[PDB]
Amino acid sequence: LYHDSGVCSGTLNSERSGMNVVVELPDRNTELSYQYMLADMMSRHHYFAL
Amino acid sequence: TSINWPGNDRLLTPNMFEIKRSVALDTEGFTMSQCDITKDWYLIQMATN
Amino acid sequence: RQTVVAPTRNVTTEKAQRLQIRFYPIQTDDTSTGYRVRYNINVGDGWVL
Amino acid sequence: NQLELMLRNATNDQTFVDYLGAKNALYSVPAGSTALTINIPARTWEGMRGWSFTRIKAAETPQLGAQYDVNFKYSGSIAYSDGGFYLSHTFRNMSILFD
Amino acid sequence: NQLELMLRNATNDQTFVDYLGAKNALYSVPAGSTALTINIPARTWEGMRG
Amino acid sequence: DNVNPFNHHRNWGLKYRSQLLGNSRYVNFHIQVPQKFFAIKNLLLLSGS
Amino acid sequence: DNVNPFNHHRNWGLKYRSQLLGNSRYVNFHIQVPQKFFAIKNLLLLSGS
Amino acid sequence: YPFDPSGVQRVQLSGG
Amino acid sequence: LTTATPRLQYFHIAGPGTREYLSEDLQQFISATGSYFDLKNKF
Amino acid sequence: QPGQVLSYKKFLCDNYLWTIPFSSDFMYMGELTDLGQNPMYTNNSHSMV
Amino acid sequence: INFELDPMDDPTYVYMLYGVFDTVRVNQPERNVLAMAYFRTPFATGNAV
């Protein structure tokens, strides 16, 4: 998924106000952040295929 | 070191002023006025002038 | 010398808003003599197009 | 509806922090060069947690904020996107000078 | 003489601006290089036109 | 007198219009076509879908 | 010591990840990718469109 | 919504 | 403008804390429905 | 053959000196721009790159 | 920040990570009204209007 790429970023917003609430910065690392979150949340030797 | 001046998801490429793209490698569009100048840059220039 | 001064307030959103929005078709229905396209121009509150 | 009307209240609304909690800046180091200087202009450093750093190969890292990286001709493990760091060594020393 | 007296008054004295209204900086770029960075230090930008 | 003068190789307008696409009969064009219907060419849509 | 060790055929994670798709280069893959943006990773949306 | 009258280091206010 | 918050208590970077800024009924709801529908990671 | 041709969309713009106005909406609303009197830049030191 | 490195045989980046509180809180006052305000305490990317 295109994370942290402003040119091709995602979009979440209400329909009443089509103002996107998701701003992605090139200097944040969403994917490594999830890596660290998952590694702190549980041991990494577990294989979760989902 | 972190404040892009438009910085409000203004342009179609919010993090930089893409003046031109390669039309051959262009896929999504973002090239304006029958050349390789971009929609964002063309908007900026027309609004300025 | 005299200078004209910008309104400096109540003229531009401080919120993260797109300057230029591309709409890609919901429906195409390509036919032999024409090429239909159907969009959905979503203008939320606070926007004028 | 109780939960909804109780979560729409201003004083108790959802707050999230990115777990990495890091601004990611990549500083290029050419092949044979053995030293690097990171010049940062004046800033108010309000609430800085600290520093974290490794060196990643240029060929193994996509250009940041790219719809499509045309120079990215590598499909192994991007140590930037995942935690596959392997060059924590090859770091001799480091200096920090707030002014 | 009337013009001289009404022009030596402080509140109405000639004010001139350079029309270009630009600070000119030349940043060198070598022959083959395809990139350039302009690091300008902290400033007060008190009236920058663009 | 009854022959269309705009069907000429000195039709500078058509010459420019054709040279914008290229020098070949195989063109990967990218063009922007304005809305011309008078009721919607200048209409200012307000908030809504 | 400066060679990426995870680009190895003994990468058990990558071995299992490739073996989840099949033994051929022609895979009709079916996957479920999670949302990872922190602002919306665990956001509990209330009523609304 | 927050009002941030800071001359340095302002908030983003994605909003909507 | 009716709040006047120090901009770090707003984002709970130096705030009073979850136990004393959520509504007491919200904290009760989180405690009661905490075994099957978690809400602690959202604040 | 049509598969043996390419495209080279390009532009030339001489004597122009590309302009990016320091205005919130990128238009001209006064010589002293919209952001030229905002007390984020004027009153506080920023180091642009 | 001054680094001294072991000289490698290929161009490498130095993946520097600062310690930032890149937080956000979600404001949902009414139905289908979603609004978030971000903040990053050392390197906030917000700009004026």
# chains A, B, ... in the order shown; residues from 1 in each chain; ligands from 1
>>> residues_around(residues="residue 3 in chain C", least_positions_apart="6", cutoff="9 Å", atoms="only C-alpha atoms", output="ChimeraX atom specification")
/J:30-32
>>> write_last_selection(atoms="N, CA and C atoms", output="tab-separated table (two decimals), in the first residue's frame")
chain	number	residue	atom	x	y	z
J	30	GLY	N	-1.83	41.24	-3.87
J	30	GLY	CA	-1.10	42.38	-3.35
J	30	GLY	C	0.39	42.11	-3.43
J	31	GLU	N	1.17	43.19	-3.58
J	31	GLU	CA	2.62	43.04	-3.65
J	31	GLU	C	3.17	42.48	-2.35
J	32	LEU	N	2.70	42.99	-1.21
J	32	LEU	CA	2.99	42.37	0.08
J	32	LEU	C	2.08	41.16	0.19
>>> residues_around(residues="range 24-33 of chain K", least_positions_apart="2", cutoff="10 Å", atoms="only C-alpha atoms", output="MDAnalysis selection string")
(chainID A and resid 13:19 21) or (chainID D and resid 4:5 7:18) or (chainID G and resid 38:40 43:49) or (chainID H and resid 1:2 11:16) or (chainID I and resid 10:12 42:43) or (chainID K and resid 21:22 35:40)
>>> interface_residues(of="chain J", to="chain C", cutoff="9 Å", atoms="only C-alpha atoms", output="list in words")
residues 23, 24, 25, 28, 29, 30, 31, 32, 33, 34, 35, 36, 37 and 38 of chain J
>>> select_by_dssp(residues="chain G", states="helix (DSSP H, G or I)", output="mmCIF file with C-alpha atoms, in the first residue's frame")
data_model
loop_
_atom_site.group_PDB
_atom_site.id
_atom_site.type_symbol
_atom_site.label_atom_id
_atom_site.label_comp_id
_atom_site.auth_asym_id
_atom_site.auth_seq_id
_atom_site.Cartn_x
_atom_site.Cartn_y
_atom_site.Cartn_z
ATOM 1 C CA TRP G 12 12.836 -18.775 6.609
ATOM 2 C CA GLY G 13 10.366 -15.898 6.662
ATOM 3 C CA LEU G 14 10.780 -15.260 2.942
ATOM 4 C CA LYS G 15 10.795 -18.998 2.216
ATOM 5 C CA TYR G 16 7.452 -19.360 4.000
ATOM 6 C CA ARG G 17 6.118 -16.194 2.362
ATOM 7 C CA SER G 18 6.906 -17.488 -1.128
ATOM 8 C CA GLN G 19 5.632 -20.977 -0.279
ATOM 9 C CA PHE G 38 -1.157 5.252 12.522
ATOM 10 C CA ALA G 39 -3.968 7.819 12.418
ATOM 11 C CA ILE G 40 -6.349 5.231 10.928
ATOM 12 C CA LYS G 41 -4.689 1.978 12.021
#
>>> calpha_fit_and_write(fixed="chain G", moving="chain F", output="PDB file with N, CA and C atoms, in the first residue's frame")
ATOM      1  N   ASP F   1      30.417  -9.134   5.599  1.00  0.00           N
ATOM      2  CA  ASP F   1      29.906  -8.284   6.667  1.00  0.00           C
ATOM      3  C   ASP F   1      28.963  -7.222   6.122  1.00  0.00           C
ATOM      4  N   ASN F   2      29.213  -6.747   4.906  1.00  0.00           N
ATOM      5  CA  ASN F   2      28.387  -5.735   4.268  1.00  0.00           C
ATOM      6  C   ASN F   2      27.317  -6.329   3.363  1.00  0.00           C
ATOM      7  N   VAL F   3      27.203  -7.652   3.305  1.00  0.00           N
ATOM      8  CA  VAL F   3      26.257  -8.330   2.427  1.00  0.00           C
ATOM      9  C   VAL F   3      24.977  -8.594   3.203  1.00  0.00           C
ATOM     10  N   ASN F   4      23.840  -8.278   2.589  1.00  0.00           N
ATOM     11  CA  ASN F   4      22.534  -8.439   3.212  1.00  0.00           C
ATOM     12  C   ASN F   4      22.290  -9.903   3.556  1.00  0.00           C
ATOM     13  N   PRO F   5      22.191 -10.248   4.842  1.00  0.00           N
ATOM     14  CA  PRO F   5      21.944 -11.648   5.207  1.00  0.00           C
ATOM     15  C   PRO F   5      20.513 -12.084   4.982  1.00  0.00           C
ATOM     16  N   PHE F   6      19.586 -11.147   4.800  1.00  0.00           N
ATOM     17  CA  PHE F   6      18.192 -11.497   4.572  1.00  0.00           C
ATOM     18  C   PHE F   6      17.896 -11.804   3.113  1.00  0.00           C
ATOM     19  N   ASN F   7      18.865 -11.606   2.222  1.00  0.00           N
ATOM     20  CA  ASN F   7      18.753 -12.063   0.839  1.00  0.00           C
ATOM     21  C   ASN F   7      19.472 -13.403   0.700  1.00  0.00           C
ATOM     22  N   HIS F   8      18.909 -14.405   1.370  1.00  0.00           N
ATOM     23  CA  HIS F   8      19.485 -15.738   1.402  1.00  0.00           C
ATOM     24  C   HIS F   8      18.377 -16.762   1.220  1.00  0.00           C
ATOM     25  N   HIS F   9      18.733 -17.916   0.653  1.00  0.00           N
ATOM     26  CA  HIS F   9      17.747 -18.976   0.485  1.00  0.00           C
ATOM     27  C   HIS F   9      17.366 -19.630   1.804  1.00  0.00           C
ATOM     28  N   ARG F  10      18.111 -19.371   2.876  1.00  0.00           N
ATOM     29  CA  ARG F  10      17.740 -19.809   4.213  1.00  0.00           C
ATOM     30  C   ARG F  10      16.978 -18.735   4.971  1.00  0.00           C
ATOM     31  N   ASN F  11      16.472 -17.725   4.266  1.00  0.00           N
ATOM     32  CA  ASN F  11      15.581 -16.755   4.882  1.00  0.00           C
ATOM     33  C   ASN F  11      14.232 -17.420   5.104  1.00  0.00           C
ATOM     34  N   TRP F  12      14.069 -18.053   6.268  1.00  0.00           N
ATOM     35  CA  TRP F  12      12.877 -18.854   6.525  1.00  0.00           C
ATOM     36  C   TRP F  12      11.610 -18.019   6.410  1.00  0.00           C
ATOM     37  N   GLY F  13      11.675 -16.748   6.803  1.00  0.00           N
ATOM     38  CA  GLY F  13      10.514 -15.888   6.654  1.00  0.00           C
ATOM     39  C   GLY F  13      10.119 -15.696   5.205  1.00  0.00           C
ATOM     40  N   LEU F  14      11.088 -15.349   4.356  1.00  0.00           N
ATOM     41  CA  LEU F  14      10.801 -15.188   2.934  1.00  0.00           C
ATOM     42  C   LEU F  14      10.418 -16.514   2.299  1.00  0.00           C
ATOM     43  N   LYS F  15      11.023 -17.605   2.763  1.00  0.00           N
ATOM     44  CA  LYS F  15      10.660 -18.926   2.267  1.00  0.00           C
ATOM     45  C   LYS F  15       9.196 -19.238   2.544  1.00  0.00           C
ATOM     46  N   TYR F  16       8.740 -18.968   3.769  1.00  0.00           N
ATOM     47  CA  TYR F  16       7.335 -19.167   4.101  1.00  0.00           C
ATOM     48  C   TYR F  16       6.443 -18.224   3.304  1.00  0.00           C
ATOM     49  N   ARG F  17       6.874 -16.972   3.138  1.00  0.00           N
ATOM     50  CA  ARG F  17       6.080 -16.001   2.395  1.00  0.00           C
ATOM     51  C   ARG F  17       5.922 -16.402   0.937  1.00  0.00           C
ATOM     52  N   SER F  18       6.942 -17.037   0.357  1.00  0.00           N
ATOM     53  CA  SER F  18       6.860 -17.467  -1.032  1.00  0.00           C
ATOM     54  C   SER F  18       6.105 -18.777  -1.184  1.00  0.00           C
ATOM     55  N   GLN F  19       6.248 -19.694  -0.229  1.00  0.00           N
ATOM     56  CA  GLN F  19       5.533 -20.958  -0.309  1.00  0.00           C
ATOM     57  C   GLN F  19       4.051 -20.822   0.011  1.00  0.00           C
ATOM     58  N   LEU F  20       3.616 -19.669   0.519  1.00  0.00           N
ATOM     59  CA  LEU F  20       2.193 -19.412   0.691  1.00  0.00           C
ATOM     60  C   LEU F  20       1.491 -19.129  -0.626  1.00  0.00           C
ATOM     61  N   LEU F  21       2.227 -18.682  -1.642  1.00  0.00           N
ATOM     62  CA  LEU F  21       1.641 -18.388  -2.939  1.00  0.00           C
ATOM     63  C   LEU F  21       1.571 -19.605  -3.849  1.00  0.00           C
ATOM     64  N   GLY F  22       2.458 -20.577  -3.665  1.00  0.00           N
ATOM     65  CA  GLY F  22       2.481 -21.789  -4.449  1.00  0.00           C
ATOM     66  C   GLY F  22       3.893 -22.153  -4.835  1.00  0.00           C
ATOM     67  N   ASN F  23       4.008 -23.120  -5.742  1.00  0.00           N
ATOM     68  CA  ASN F  23       5.296 -23.562  -6.256  1.00  0.00           C
ATOM     69  C   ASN F  23       5.576 -23.076  -7.668  1.00  0.00           C
ATOM     70  N   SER F  24       4.734 -22.209  -8.218  1.00  0.00           N
ATOM     71  CA  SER F  24       4.894 -21.731  -9.580  1.00  0.00           C
ATOM     72  C   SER F  24       5.021 -20.215  -9.597  1.00  0.00           C
ATOM     73  N   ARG F  25       5.494 -19.705 -10.729  1.00  0.00           N
ATOM     74  CA  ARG F  25       5.594 -18.273 -10.960  1.00  0.00           C
ATOM     75  C   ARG F  25       4.280 -17.668 -11.419  1.00  0.00           C
ATOM     76  N   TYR F  26       3.235 -18.479 -11.556  1.00  0.00           N
ATOM     77  CA  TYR F  26       1.926 -18.048 -12.038  1.00  0.00           C
ATOM     78  C   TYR F  26       0.946 -18.245 -10.886  1.00  0.00           C
ATOM     79  N   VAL F  27       0.698 -17.178 -10.135  1.00  0.00           N
ATOM     80  CA  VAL F  27      -0.047 -17.248  -8.884  1.00  0.00           C
ATOM     81  C   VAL F  27      -1.324 -16.434  -9.018  1.00  0.00           C
ATOM     82  N   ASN F  28      -2.456 -17.055  -8.684  1.00  0.00           N
ATOM     83  CA  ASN F  28      -3.728 -16.350  -8.547  1.00  0.00           C
ATOM     84  C   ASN F  28      -3.941 -16.079  -7.060  1.00  0.00           C
ATOM     85  N   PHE F  29      -3.215 -15.087  -6.556  1.00  0.00           N
ATOM     86  CA  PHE F  29      -3.171 -14.845  -5.123  1.00  0.00           C
ATOM     87  C   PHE F  29      -4.477 -14.243  -4.620  1.00  0.00           C
ATOM     88  N   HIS F  30      -4.745 -14.457  -3.335  1.00  0.00           N
ATOM     89  CA  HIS F  30      -5.842 -13.801  -2.628  1.00  0.00           C
ATOM     90  C   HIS F  30      -5.324 -13.440  -1.245  1.00  0.00           C
ATOM     91  N   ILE F  31      -5.040 -12.158  -1.028  1.00  0.00           N
ATOM     92  CA  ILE F  31      -4.342 -11.711   0.167  1.00  0.00           C
ATOM     93  C   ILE F  31      -5.142 -10.609   0.845  1.00  0.00           C
ATOM     94  N   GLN F  32      -4.916 -10.471   2.148  1.00  0.00           N
ATOM     95  CA  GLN F  32      -5.553  -9.446   2.965  1.00  0.00           C
ATOM     96  C   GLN F  32      -4.464  -8.567   3.561  1.00  0.00           C
ATOM     97  N   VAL F  33      -4.489  -7.286   3.224  1.00  0.00           N
ATOM     98  CA  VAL F  33      -3.424  -6.346   3.558  1.00  0.00           C
ATOM     99  C   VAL F  33      -3.946  -5.396   4.629  1.00  0.00           C
ATOM    100  N   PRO F  34      -3.296  -5.304   5.784  1.00  0.00           N
ATOM    101  CA  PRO F  34      -3.804  -4.446   6.855  1.00  0.00           C
ATOM    102  C   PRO F  34      -3.508  -2.979   6.591  1.00  0.00           C
ATOM    103  N   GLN F  35      -4.323  -2.125   7.201  1.00  0.00           N
ATOM    104  CA  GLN F  35      -4.044  -0.697   7.204  1.00  0.00           C
ATOM    105  C   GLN F  35      -2.972  -0.399   8.243  1.00  0.00           C
ATOM    106  N   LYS F  36      -1.917   0.298   7.823  1.00  0.00           N
ATOM    107  CA  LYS F  36      -0.761   0.515   8.678  1.00  0.00           C
ATOM    108  C   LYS F  36      -0.573   1.957   9.121  1.00  0.00           C
ATOM    109  N   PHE F  37      -1.278   2.913   8.524  1.00  0.00           N
ATOM    110  CA  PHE F  37      -1.110   4.297   8.939  1.00  0.00           C
ATOM    111  C   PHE F  37      -1.635   4.472  10.355  1.00  0.00           C
ATOM    112  N   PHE F  38      -0.776   4.992  11.232  1.00  0.00           N
ATOM    113  CA  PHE F  38      -1.056   4.981  12.663  1.00  0.00           C
ATOM    114  C   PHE F  38      -2.298   5.787  13.015  1.00  0.00           C
ATOM    115  N   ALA F  39      -2.599   6.837  12.251  1.00  0.00           N
ATOM    116  CA  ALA F  39      -3.773   7.644  12.555  1.00  0.00           C
ATOM    117  C   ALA F  39      -5.076   6.909  12.273  1.00  0.00           C
ATOM    118  N   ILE F  40      -5.073   5.940  11.360  1.00  0.00           N
ATOM    119  CA  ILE F  40      -6.287   5.244  10.954  1.00  0.00           C
ATOM    120  C   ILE F  40      -6.200   3.740  11.145  1.00  0.00           C
ATOM    121  N   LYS F  41      -5.050   3.215  11.568  1.00  0.00           N
ATOM    122  CA  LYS F  41      -4.937   1.773  11.751  1.00  0.00           C
ATOM    123  C   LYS F  41      -5.743   1.288  12.947  1.00  0.00           C
ATOM    124  N   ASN F  42      -5.929   2.136  13.957  1.00  0.00           N
ATOM    125  CA  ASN F  42      -6.680   1.773  15.152  1.00  0.00           C
ATOM    126  C   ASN F  42      -7.833   2.727  15.418  1.00  0.00           C
ATOM    127  N   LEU F  43      -8.132   3.621  14.483  1.00  0.00           N
ATOM    128  CA  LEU F  43      -9.198   4.590  14.682  1.00  0.00           C
ATOM    129  C   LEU F  43     -10.550   3.893  14.732  1.00  0.00           C
ATOM    130  N   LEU F  44     -11.415   4.365  15.620  1.00  0.00           N
ATOM    131  CA  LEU F  44     -12.764   3.831  15.768  1.00  0.00           C
ATOM    132  C   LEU F  44     -13.736   4.851  15.185  1.00  0.00           C
ATOM    133  N   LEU F  45     -14.167   4.611  13.950  1.00  0.00           N
ATOM    134  CA  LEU F  45     -15.123   5.498  13.305  1.00  0.00           C
ATOM    135  C   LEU F  45     -16.497   5.363  13.942  1.00  0.00           C
ATOM    136  N   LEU F  46     -17.140   6.497  14.172  1.00  0.00           N
ATOM    137  CA  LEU F  46     -18.491   6.514  14.702  1.00  0.00           C
ATOM    138  C   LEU F  46     -19.481   6.574  13.541  1.00  0.00           C
ATOM    139  N   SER F  47     -20.755   6.795  13.853  1.00  0.00           N
ATOM    140  CA  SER F  47     -21.786   6.787  12.827  1.00  0.00           C
ATOM    141  C   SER F  47     -21.555   7.901  11.816  1.00  0.00           C
ATOM    142  N   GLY F  48     -21.762   7.579  10.551  1.00  0.00           N
ATOM    143  CA  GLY F  48     -21.588   8.543   9.482  1.00  0.00           C
ATOM    144  C   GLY F  48     -21.146   7.858   8.208  1.00  0.00           C
ATOM    145  N   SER F  49     -21.136   8.640   7.133  1.00  0.00           N
ATOM    146  CA  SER F  49     -20.717   8.165   5.822  1.00  0.00           C
ATOM    147  C   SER F  49     -19.322   8.698   5.532  1.00  0.00           C
TER     148      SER F  49
END
>>> closest_atom_pairs(of="chain D", to="chain K", cutoff="8 Å", atoms="only C-alpha atoms", output="JSON lines")
{"residue": "D:7", "atom": "CA", "partner": "K:28", "partner_atom": "CA", "distance": 7.8}
{"residue": "D:8", "atom": "CA", "partner": "K:29", "partner_atom": "CA", "distance": 4.8}
{"residue": "D:9", "atom": "CA", "partner": "K:29", "partner_atom": "CA", "distance": 6.7}
{"residue": "D:10", "atom": "CA", "partner": "K:29", "partner_atom": "CA", "distance": 7.0}
{"residue": "D:13", "atom": "CA", "partner": "K:26", "partner_atom": "CA", "distance": 6.1}
{"residue": "D:14", "atom": "CA", "partner": "K:26", "partner_atom": "CA", "distance": 5.2}
{"residue": "D:15", "atom": "CA", "partner": "K:25", "partner_atom": "CA", "distance": 3.8}
{"residue": "D:16", "atom": "CA", "partner": "K:24", "partner_atom": "CA", "distance": 5.2}
{"residue": "D:17", "atom": "CA", "partner": "K:23", "partner_atom": "CA", "distance": 4.1}
{"residue": "D:18", "atom": "CA", "partner": "K:22", "partner_atom": "CA", "distance": 6.0}
{"residue": "D:21", "atom": "CA", "partner": "K:20", "partner_atom": "CA", "distance": 5.0}
{"residue": "D:22", "atom": "CA", "partner": "K:19", "partner_atom": "CA", "distance": 5.0}
{"residue": "D:23", "atom": "CA", "partner": "K:18", "partner_atom": "CA", "distance": 5.3}
{"residue": "D:24", "atom": "CA", "partner": "K:17", "partner_atom": "CA", "distance": 4.9}
{"residue": "D:25", "atom": "CA", "partner": "K:16", "partner_atom": "CA", "distance": 5.4}
{"residue": "D:26", "atom": "CA", "partner": "K:15", "partner_atom": "CA", "distance": 4.7}
{"residue": "D:27", "atom": "CA", "partner": "K:14", "partner_atom": "CA", "distance": 4.9}
{"residue": "D:28", "atom": "CA", "partner": "K:13", "partner_atom": "CA", "distance": 4.4}
{"residue": "D:29", "atom": "CA", "partner": "K:12", "partner_atom": "CA", "distance": 5.2}
{"residue": "D:30", "atom": "CA", "partner": "K:11", "partner_atom": "CA", "distance": 4.3}
{"residue": "D:31", "atom": "CA", "partner": "K:10", "partner_atom": "CA", "distance": 4.1}
{"residue": "D:32", "atom": "CA", "partner": "K:7", "partner_atom": "CA", "distance": 5.3}
{"residue": "D:33", "atom": "CA", "partner": "K:7", "partner_atom": "CA", "distance": 5.7}
{"residue": "D:34", "atom": "CA", "partner": "K:5", "partner_atom": "CA", "distance": 4.6}
{"residue": "D:35", "atom": "CA", "partner": "K:4", "partner_atom": "CA", "distance": 4.2}
{"residue": "D:36", "atom": "CA", "partner": "K:3", "partner_atom": "CA", "distance": 4.8}
{"residue": "D:37", "atom": "CA", "partner": "K:2", "partner_atom": "CA", "distance": 4.4}
{"residue": "D:38", "atom": "CA", "partner": "K:1", "partner_atom": "CA", "distance": 4.7}
{"residue": "D:39", "atom": "CA", "partner": "K:1", "partner_atom": "CA", "distance": 6.6}
{"residue": "D:43", "atom": "CA", "partner": "K:42", "partner_atom": "CA", "distance": 7.7}
{"residue": "D:44", "atom": "CA", "partner": "K:42", "partner_atom": "CA", "distance": 6.8}
{"residue": "D:45", "atom": "CA", "partner": "K:42", "partner_atom": "CA", "distance": 4.6}
{"residue": "D:46", "atom": "CA", "partner": "K:42", "partner_atom": "CA", "distance": 5.1}
{"residue": "D:47", "atom": "CA", "partner": "K:41", "partner_atom": "CA", "distance": 5.7}
{"residue": "D:48", "atom": "CA", "partner": "K:19", "partner_atom": "CA", "distance": 5.1}
{"residue": "D:49", "atom": "CA", "partner": "K:19", "partner_atom": "CA", "distance": 4.0}
{"residue": "D:50", "atom": "CA", "partner": "K:19", "partner_atom": "CA", "distance": 4.5}
{"residue": "D:51", "atom": "CA", "partner": "K:18", "partner_atom": "CA", "distance": 4.7}
{"residue": "D:52", "atom": "CA", "partner": "K:17", "partner_atom": "CA", "distance": 4.7}
{"residue": "D:53", "atom": "CA", "partner": "K:16", "partner_atom": "CA", "distance": 4.3}
{"residue": "D:54", "atom": "CA", "partner": "K:15", "partner_atom": "CA", "distance": 5.1}
{"residue": "D:55", "atom": "CA", "partner": "K:14", "partner_atom": "CA", "distance": 3.9}
{"residue": "D:56", "atom": "CA", "partner": "K:13", "partner_atom": "CA", "distance": 5.0}
{"residue": "D:57", "atom": "CA", "partner": "K:12", "partner_atom": "CA", "distance": 3.9}
{"residue": "D:58", "atom": "CA", "partner": "K:12", "partner_atom": "CA", "distance": 4.6}
{"residue": "D:59", "atom": "CA", "partner": "K:12", "partner_atom": "CA", "distance": 7.7}
{"residue": "D:80", "atom": "CA", "partner": "K:15", "partner_atom": "CA", "distance": 7.6}
{"residue": "D:90", "atom": "CA", "partner": "K:6", "partner_atom": "CA", "distance": 4.5}
{"residue": "D:91", "atom": "CA", "partner": "K:5", "partner_atom": "CA", "distance": 4.7}
{"residue": "D:92", "atom": "CA", "partner": "K:5", "partner_atom": "CA", "distance": 5.2}
{"residue": "D:93", "atom": "CA", "partner": "K:4", "partner_atom": "CA", "distance": 5.5}
{"residue": "D:94", "atom": "CA", "partner": "K:3", "partner_atom": "CA", "distance": 4.6}
{"residue": "D:95", "atom": "CA", "partner": "K:2", "partner_atom": "CA", "distance": 4.9}
{"residue": "D:96", "atom": "CA", "partner": "K:1", "partner_atom": "CA", "distance": 4.6}
{"residue": "D:97", "atom": "CA", "partner": "K:1", "partner_atom": "CA", "distance": 6.6}
>>> closest_atom_pairs(of="chain C", to="chain A", cutoff="12 Å", atoms="only C-alpha atoms", output="CSV")
residue,atom,partner,partner_atom,distance
C:13,CA,A:19,CA,11.2
C:15,CA,A:19,CA,8.5
C:16,CA,A:20,CA,7.4
C:17,CA,A:19,CA,6.2
C:18,CA,A:19,CA,8.1
C:19,CA,A:19,CA,11.4
C:21,CA,A:18,CA,11.0
C:40,CA,A:15,CA,11.9
C:41,CA,A:18,CA,10.4
C:42,CA,A:18,CA,6.9
C:43,CA,A:18,CA,6.6
C:44,CA,A:17,CA,4.1
C:45,CA,A:17,CA,4.9
C:46,CA,A:17,CA,7.3
C:47,CA,A:17,CA,8.4
C:48,CA,A:18,CA,11.6
>>> interface_residues(of="chain E", to="chain J", cutoff="9 Å", atoms="only C-alpha atoms", output="ChimeraX atom specification")
/E:37-50
>>> interface_residues(of="chain H", to="chain D", cutoff="12 Å", atoms="only C-alpha atoms", output="PDB file with N, CA, C and O atoms, in the first residue's frame")
ATOM      1  N   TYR H   1     -11.933  22.606  17.388  1.00  0.00           N
ATOM      2  CA  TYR H   1     -10.674  22.517  16.673  1.00  0.00           C
ATOM      3  C   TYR H   1      -9.629  23.411  17.328  1.00  0.00           C
ATOM      4  O   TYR H   1      -9.955  24.483  17.846  1.00  0.00           O
ATOM      5  N   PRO H   2      -8.365  22.995  17.327  1.00  0.00           N
ATOM      6  CA  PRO H   2      -7.334  23.772  18.019  1.00  0.00           C
ATOM      7  C   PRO H   2      -6.923  25.005  17.234  1.00  0.00           C
ATOM      8  O   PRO H   2      -6.807  24.980  16.006  1.00  0.00           O
ATOM      9  N   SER H   6       1.262  29.887  17.148  1.00  0.00           N
ATOM     10  CA  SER H   6       2.697  29.716  17.324  1.00  0.00           C
ATOM     11  C   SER H   6       3.414  30.148  16.054  1.00  0.00           C
ATOM     12  O   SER H   6       3.056  29.712  14.956  1.00  0.00           O
ATOM     13  N   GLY H   7       4.419  31.011  16.205  1.00  0.00           N
ATOM     14  CA  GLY H   7       5.189  31.443  15.053  1.00  0.00           C
ATOM     15  C   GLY H   7       6.127  30.386  14.519  1.00  0.00           C
ATOM     16  O   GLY H   7       6.574  30.488  13.373  1.00  0.00           O
ATOM     17  N   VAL H   8       6.439  29.379  15.326  1.00  0.00           N
ATOM     18  CA  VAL H   8       7.247  28.241  14.914  1.00  0.00           C
ATOM     19  C   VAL H   8       6.499  26.979  15.307  1.00  0.00           C
ATOM     20  O   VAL H   8       5.798  26.961  16.325  1.00  0.00           O
ATOM     21  N   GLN H   9       6.642  25.927  14.500  1.00  0.00           N
ATOM     22  CA  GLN H   9       6.178  24.594  14.878  1.00  0.00           C
ATOM     23  C   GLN H   9       4.664  24.583  15.126  1.00  0.00           C
ATOM     24  O   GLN H   9       4.175  24.445  16.250  1.00  0.00           O
ATOM     25  N   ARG H  10       3.927  24.793  14.040  1.00  0.00           N
ATOM     26  CA  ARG H  10       2.475  24.737  14.095  1.00  0.00           C
ATOM     27  C   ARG H  10       1.963  23.327  13.806  1.00  0.00           C
ATOM     28  O   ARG H  10       2.686  22.461  13.310  1.00  0.00           O
TER      29      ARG H  10
END
>>> atom_distance(atom1="CA of residue 83 in chain D", atom2="CA of residue 35 in chain A")
6.5 Å
>>> residues_around(residues="range 18-29 of chain B", least_positions_apart="3", cutoff="12 Å", atoms="only C-alpha atoms", output="ChimeraX atom specification")
/A:7-8 /B:11-15,32-45 /C:22-24 /D:67-70 /F:28-32 /J:5-12,18-20
>>> residues_around(residues="residue 19 in chain I", least_positions_apart="2", cutoff="12 Å", atoms="only C-alpha atoms", output="list in words")
residues 12 of chain D; 12, 15, 16, 17, 21, 22, 23, 24, 25, 26, 27, 28, 30, 31, 40 and 43 of chain I
>>> atom_distance(atom1="CA of residue 41 in chain D", atom2="CA of residue 1 in chain B")
7.8 Å
>>> atom_distance(atom1="CA of residue 6 in chain A", atom2="CA of residue 76 in chain D")
24.2 Å
>>> select_by_dssp(residues="chain K", states="strand (DSSP E)", output="ChimeraX atom specification")
/K:2-5,12-18,23-27,35-39
>>> residues_around(residues="residue 1 in chain I", least_positions_apart="2", cutoff="8 Å", atoms="only C-alpha atoms", output="ChimeraX atom specification")
/H:3 /I:3-4
>>> decode(residues="range 20-31 of chain F", atoms="C-alpha atoms", output="tab-separated table (two decimals), in the first residue's frame")
chain	number	residue	atom	x	y	z
F	20	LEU	CA	1.36	19.58	-31.67
F	21	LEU	CA	0.72	15.84	-32.00
F	22	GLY	CA	4.05	15.01	-33.68
F	23	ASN	CA	5.47	14.22	-37.10
F	24	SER	CA	3.99	10.71	-37.37
F	25	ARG	CA	0.58	9.16	-37.94
F	26	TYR	CA	1.05	7.15	-34.71
F	27	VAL	CA	0.34	9.57	-31.86
F	28	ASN	CA	0.04	8.83	-28.14
F	29	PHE	CA	-1.80	12.08	-27.52
F	30	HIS	CA	-2.58	13.66	-24.15
F	31	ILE	CA	-5.10	16.48	-24.53
